[PDB]
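Following: one structure in structure tokens, then a few remarks.
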Protein chains: 2
Amino acid sequence: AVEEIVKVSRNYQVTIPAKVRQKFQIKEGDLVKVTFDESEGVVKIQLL
Amino acid sequence: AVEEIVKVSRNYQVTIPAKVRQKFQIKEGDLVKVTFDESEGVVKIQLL
């Protein structure tokens, strides 16, 4: 259960912390899909 | 789906777009949980 609690920035960004990036290996410039999940009430971030 | 493709920002930040924020009420300084979901291979952002 790899997870970390973070603060939302002024311009509504969320940092994906190092702990999570060991599993979800994103870099500045990558494209990701950001979806509101209507059954879980969470936001999902998926790699393209 | 309520979703948008976004580019990862410098310093590993991902914008939660306005389209998504209409459903997922977040404000500057809110604390959120960032989780890797192994069943799906995606990151989930959860309100705390």
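As a convention, Cβ positions derive from the backbone with ideal geometry for all residues, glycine included, and neighbour counts pool all protein chains shown. All of the numbers you see were taken from the coordinates with simple rules; none came from a lab.
Check off (1) out of contact with any helix residue (DSSP H, G or I) (no Cβ under 6 Å at 6 or more places or on another chain); (2) in a strand (DSSP E or B); (3) under 20 Å from residue A:19 (Cα atoms) for residue B:5 and give me the number that stays unchecked.
Unmet for residue B:5, out of (1) out of contact with any helix residue (DSSP H, G or I) (no Cβ under 6 Å at 6 or more places or on another chain); (2) in a strand (DSSP E or B); (3) under 20 Å from residue A:19 (Cα atoms): (3).
Quick check on my filter: what residues within chain A are facing chain B (nearest Cβ under 7 Å) and of a type in the set (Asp, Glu)?
A:3, A:4, A:28, A:30
Which of the following residues is assigned to a strand (DSSP E or B), in contact (Cβ under 8 Å) with a residue 12 or more places away in the chain and buried (at least 19 other Cβ atoms within 10 Å of the Cβ): B:14, B:32, B:20, B:43?
On inspection, the qualifying residue turns out to be B:32.
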